[PDB]
Structures are given as structure tokens and as C-alpha cells.
Number of protein chains: 2
Amino acid sequence: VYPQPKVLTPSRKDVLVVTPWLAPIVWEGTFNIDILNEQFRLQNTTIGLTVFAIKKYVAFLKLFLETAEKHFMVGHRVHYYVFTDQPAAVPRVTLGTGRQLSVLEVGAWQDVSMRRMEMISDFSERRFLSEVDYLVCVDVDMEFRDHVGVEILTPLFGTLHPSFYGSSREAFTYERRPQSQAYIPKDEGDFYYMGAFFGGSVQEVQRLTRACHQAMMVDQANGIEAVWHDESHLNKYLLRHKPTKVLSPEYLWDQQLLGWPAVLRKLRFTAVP
Amino acid sequence: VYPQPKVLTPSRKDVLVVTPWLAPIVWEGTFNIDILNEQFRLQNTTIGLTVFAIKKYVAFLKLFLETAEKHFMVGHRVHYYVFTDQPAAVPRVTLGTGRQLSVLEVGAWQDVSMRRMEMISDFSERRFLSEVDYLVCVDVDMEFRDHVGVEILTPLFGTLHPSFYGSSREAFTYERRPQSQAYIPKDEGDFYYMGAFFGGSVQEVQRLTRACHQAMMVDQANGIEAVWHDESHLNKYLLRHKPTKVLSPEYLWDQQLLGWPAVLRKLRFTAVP
Ligand SMILES: CCCCCCO[C@@H]1O[C@H](CO)[C@H](O)[C@H](O)[C@H]1O[C@@H]1O[C@@H](C)[C@@H](O)[C@@H](O)[C@@H]1O
Ligand SMILES: CCCCCCO[C@@H]1O[C@H](CO)[C@H](O)[C@H](O)[C@H]1O[C@@H]1O[C@@H](C)[C@@H](O)[C@@H](O)[C@@H]1O
């Protein structure tokens with residue numbers, strides 16, 4: 001039993017909650033988590049979370065994982081995959097039942113710019129992910145402050161960049177040179193998505209990360225680096241293959257930079273100052 | 001090129017546009033048809049529409065089909081399947097390119113109450129629907145007045161009953177006897193869906209119509225007829241298997257009964273007076 005939805009009452013009066021292609025934009029007040037948790041638990045949903053922690057960023061893993069255990073997908077099956085050049089430096093964090101962590105070592109400047117999309121592409125294709133239903137790909141220099149759960153899950157999602165959710169499209173920092181595979185013309189574009197939080201089913205994350213990696217290789221062969229690297233390619237991809245959910249900036253925020261505006265009812269996953 | 005969606009501007013301020021399980025509720029102003037038409041045409045989407053026209057209701061087929069040709073899925077591949085006890089009386093209506101019609105003869109009072117779900121179940125399982133991607137199941141005593149297009153398409157959809165979209169759940173005319181397979185308790189239920197317009201992918205319409213038919217057979221064996229026949233079973237089904245889109249009453253209206261309220265910007269598919 002849960003409160004009856006009310007057809008004549010908007011779920012939010014201050015923000016857009018569905019895109020023009022009918023993908024939900026996920027804000028607090030738009031979902032009932034009990035119904036979603038039931039639907040996803042009925043499928044024994046397993047969520048993989050990938051995170052890169054390279055060089056001095058390995059220091060952010062302790063708080064990232066401690067707070068993920070408090071707030072990410074609690075009650076569902078979770079497997080963290082930590083990609084790092086220092087596997088020995090991964091903190092031993094105690095995990096709830098049904099949750100596990102694997103450490104994946106990274107080897108070996110444009111190839112580093114390509115590393116995230118290349119490595120997730122290769123990894124997402126492996127047979128040991130047979131049990132994993134969705135992949136969520138986030139940055140490590142962050143903490144969870146509030147619920148991040150199965151409301152986000154869908155075949156393909158991106159996240160509204162916290163600096164640009166209010167901007168008109170010509171102000172978006174899309175790649176603007178026609179020479180680059182990431183090019184988006186002045187008059188095109190739905191949203192500016194941030195590279196720090198995207199995901200989807202395993203098949204849709206294989207497709208996204210393969211397309212971004214292959215596009216970046218083409219740019220490198222031509223001597224061009226997109227203005228915001230794999231984020232520029234992510235935006236080009238999501239423009240052409242529209243996400244089936246879009247996460248609001250509740251899911252990717254910087255409070256030191258941007259404070260706490262009235263349109264954010266919760267700050268769920270935030271930059272570490 | 002299309003107008004940029006505006007994150008800080010609700011798509012509607014007067015109605016709920018997403019359910020608590022994050023399924024879009026389809027109202028005018030919530031979608032951009034050009035983007036949807038592109039996505040669906042890229043998949044060469046074929047829509048089957050089923051309609052029953054029995055005894056004197058065969059008289060409603062001429063206006064139903066003439067207006068469907070003006071307003072239903074125009075530009076996409078459509079196949080009408082007319083189920084009738086008078087195949088000879090089906091009007092010869094001229095169809096646009098890419099659109100065809102087949103006539104399916106019905107044979108042979110509780111078995112008539114079961115006929116729609118039984119017949120669609122049997123039909124949806126046939127190999128000649130290999131090319132068909134979605135099934136839309138509507139009543140014949142209706143006309144199209146305005147656009148009904150691929151915005152509705154999704155794995156599973158129901159339609160808000162025009163008499164009840166404003167009602168609280170205890171006022172819903174759900175089956176209330178625990179003896180019936182359609183039973184829904186006082187404190188349960190999201191919406192009251194009408195049996196006159198439901199649909200989804202072929203697989204989801206096989207599942208819905210098989211479950212409703214099998215449930216109604218169980219009730220008949222027990223000497224119970226649900227209060228609103230297959231509509232009572234439809235509601236029980238959609239309560240347990242939540243629809244991935246819900247159509248607003250723009251898609252199922254009676255203007256003689258209910259007029260033209262401010263929350264309806266378009267009257268798309270309406271009862272014939
Ligand atoms: C003091 C730096 C403020 C920069 C705000 C704009 O954010 C940056 O936007 C570009 C695209 O234009 C990239 O997405 C870049 O990674 C963003 O900066 C990072 O995210 C912001 C929100 C803030 O946390 C910065 O400190 C990060 O470097
Ligand atoms: C004069 C009759 C007014 C009835 C309004 C309520 O609609 C009926 O609701 C039940 C469930 O409670 C069934 O869904 C039934 O089929 C509905 O009646 C039909 O639809 C209404 C909207 C109107 O067009 C009636 O004339 C139909 O019989």
C-alpha cells in the first residue's frame with residue numbers, strides 16, 4: 001500500500017520531469033522508491049559500478065566506498081569494479097550482504113584521455129559480467145550523501161551537468177569543430193551531459209563505450225582532441241542515441257561551487273571539496 | 001532541429017506527466033512528435049490495430065477506419081485487424097501507402113464476455129504477426145479527431161478511464177469480491193484503466209490477454225463474473241504488471257458525456273454520440 005498518485009497534481013511545478021522523447025528526468029518527488037524496489041528485486045537485479053582511481057585519486061576511494069555502502073543500491077546486489085594503477089592501495093571497506101568488490105589493474109596523454117572508454121568497453125564485453133544487469137560509471141572524487149537507487153536504472157542514462165542545466169544550447173561546451181567526430185552544430189543538442197555519471201544496461205554501456213572509444217581513435221588519427229575529451233563524445237553519442245532516463249543534478253552536484261538551490265530537494269552524490 | 005527542452009520549465013503545470021514508477025503519462029505538450037517519429041521510423045515500426053465489430057456495431061467501422069487513416073500512426077506501417085461476425089459488411093475504405101487491413105471472422109453470454117481477450121490472445125500468438133512490432137486494441141464505436149501516433153508505443157500501456165481520472169481509489173469500480181481473480185482491495189490501485197484502449201509490444205499483449213483470459217476462465221468455473229468483465233481483469237493485471245506508459249484521457253474521451261475540460265488540450269479519440 002502506498003499513496004495514490006493524483007492525476008491532477010503535477011509531480012513537480014518547478015522542473016521538467018520528462019524529456020520531449022518521453023524519458024523520465026529523475027528528481028525527488030517523481031518516484032515512489034518502494035514500488036521501484038519491488039520491481040527490481042523481483043528480477044534479482046545486479047548493479048555493477050565502475051570507478052577509476054589513478055595516481056593520487058586512490059586517496060578518494062575510502063570515503064567513496066564507505067558512502068556508497070550507506071546510499072547506493074542498498075538492498076540490491078552490487079559489485080564494485082575499481083580500476084586503479086595501485087591495486088595494493090585500495091582500502092579494505094566492509095560491505096553489506098550481497099555486495100562485492102573487484103580490483104582491476106590499469107597499465108601504461110591521448111591514450112590516457114581514451115583510457116576510461118577503452119577500458120570500460122573491453123571490460124563490459126567480458127563473460128564474467130554474465131550475472132550483471134546494469135553498469136553505472138562514476139568518478140571517484142565524490143561522496144554519496146543521500147539515496148542513489150534503482151530509480152536510475154534503464155537501458156541508457158546520462159546525467160545533467162550541474163553547471164549547465166539552466167543554459168541554452170549555444171552556451172553548451174559541445175565540441176564545435178566539424179573536423180572532430182564529437183561535433184555538434186550550434187542549433188542542435190538536447191542537454192549537456194556530464195562524463196562523471198552515466199550507465200545503463202550492460203549491452204547499452206558496451207555500445208556507448210565502444211562508440212566513444214572508436215570515435216576518439218578516429219580523432220587521434222586526425223590530430224584532434226575533443227574540447228572536453230570523452231565528455232564531448234558522450235554528448236555526441238547521447239544526442240544521436242537518446243537516453244531512456246536522464247538523471248537530474250541531484251545525482252551529480254558540487255556544493256562548494258554551486259551551493260544548494262531551491263530546485264534541489266536532495267544532494268545525492270557530490271564533489272569532494 | 002527542434003526547440004531546446006527547458007529544464008527549469010515544467011512540461012505541464014496542471015497534470016501529473018509521470019507515474020510514481022517513472023512511466024510517462026502521455027499528454028499534449030509532453031512530447032516532440034518529430035523526434036519520436038524519427039526514432040520509430042529508424043526501426044521500421046509496424047503497428048497492428050485490433051478492433052471488434054459485432055452485430056450492429058459493424059455500422060461504426062466506416063467512420064472508425066476513415067478517421068484512423070487521417071490520424072492514426074500516419075507515416076508508419078499499419079495493419080488493421082477487424083474481428084467481425086459479418087465479414088461481408090466491412091466497408092471498403094481506401095488506405096494510405098504502407099497500410100493494410102485484414103478481416104478475421106468470429107464464430108459462435110460469459111463466453112462472449114471472454115471473447116475479446118480469448119481472441120486477441122489466440123491471434124497475438126500467430127506466426128503471421130512476425131512483422132508486427134506493437135498491438136493496439138481499441139473499441140469500434142469511436143472516431144479519431146486528432147493525432148494518435150507513436151508517442152503511445154512502449155512495451156505495455158493502458159489508458160486512463162475518462163470518468164475516473166479525478167477519482168480517489170476507493171471510488172474506483174474495481175472488482176471488490178475476494179472470490180474473483182480480478183479482486184483489488186480498498187487500499188490498493190494506481191489508476192482506473194479503461195478496456196477500450198490498451199496495447200504494447202506483441203509479447204506484452206500476448207501476456208496481458210493470456211492472463212486476462214485465463215483469469216476470466218477461473219472466475220467462470222467458480223460462478224462469478226467480474227463487475228466490469230474484462231475491464232476488471234485488465235485493471236488487476238495492470239496493477240500487478242505496471243504499464244511502461246499511461247495514456248491520458250485525450251486518448252479516450254466522451255465529449256457528449258464530459259464536455260471539454262481545460263486539462264484536455266486535444267480530444268484525439270472519442271466516443272460516437
Ligand atoms: C572552478 C572550476 C569551475 C568549472 C565549472 C564548469 O564545470 C566544468 O565543465 C566542463 C565542461 O564545460 C567539464 O565538464 C569539467 O569537467 C567541469 O569541471 C568539473 O566539474 C565542476 C562541476 C567542478 O566540480 C569542477 O571543479 C570540475 O573540474
Ligand atoms: C450514461 C453512462 C455514463 C457512464 C460513465 C462511467 O463510464 C462507464 O464506466 C464503467 C466502469 O465504472 C465501464 O468502463 C463502462 O464501460 C463505462 O461506460 C462507457 O464509457 C463512458 C465513458 C460512456 O461513453 C458510456 O456511455 C459507456 O457505456
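Any value given below was found using the heavy atoms of this structure, including those in side chains, with hydrogens, waters and symmetry copies removed. Here is the naming used below: chain letters follow the sequence lines, and residue numbers restart at 1 for every chain.
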Other residues, nucleotides, ligands: >12 heavy atoms within 6.0 Å of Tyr57(A) OH: no

For atom NZ of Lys6(B), decide whether the heavy atoms of other residues, nucleotides or ligands shown that lie under 6.0 angstrom number more than 12. yes

Separation between CZ of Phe157(A) and CZ of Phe197(A), rounded to the nearest 0.5 Å: 5.0 Å

Please determine if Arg268(B) and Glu250(B) form a salt bridge, counting it only when a charged side-chain N lies under 4.0 Å from a carboxylate O. yes

Which of parallel (below 30°), tilted (30 to 60°) and perpendicular (above 60°) describes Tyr81(A) and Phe123(A)? perpendicular

Can you tell me if NZ on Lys13(B) sees more than 12 non-hydrogen neighbours from other groups inside 6.0 Å? yes

Could you tell me whether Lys245(A) and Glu151(A) make a salt bridge, using a distance below 4.0 angstrom between a side-chain N and a carboxylate O? no

With a 4.0 Å cut-off, would you call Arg99(A) and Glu69(A) a salt bridge? yes

Straight-line distance of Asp219(A) CG to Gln214(A) CD, nearest 0.5 Å: 13.0 Å

Give the ring-plane orientation class for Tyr192(A) versus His161(A), where under 30° counts as parallel, over 60° as perpendicular and anything between as tilted. tilted

Determine whether the aromatic ring centres of residues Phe198(A) and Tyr193(A) are separated by less than 6.0 angstrom. no

Using a strict threshold of under 4.0 Å (side-chain N to carboxylate O), is an ion pair present between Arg116(A) and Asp139(A)? yes

Only one of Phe144(A), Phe269(A), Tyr251(A) clears ring pair (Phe, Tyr, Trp, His ring centres under 6.0 Å) with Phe72(A); which? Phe144(A)

d(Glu170(A) CD, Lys186(A) NZ) to nearest 0.5 Å is 5.5 Å

Smallest separation among heavy atoms of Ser124(A) and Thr209(A), with atom names: OG-OG1, 4.2 Å

Are the side chains of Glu188(A) and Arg169(A) in touch, meaning some heavy atoms are under 4.5 Å apart? no

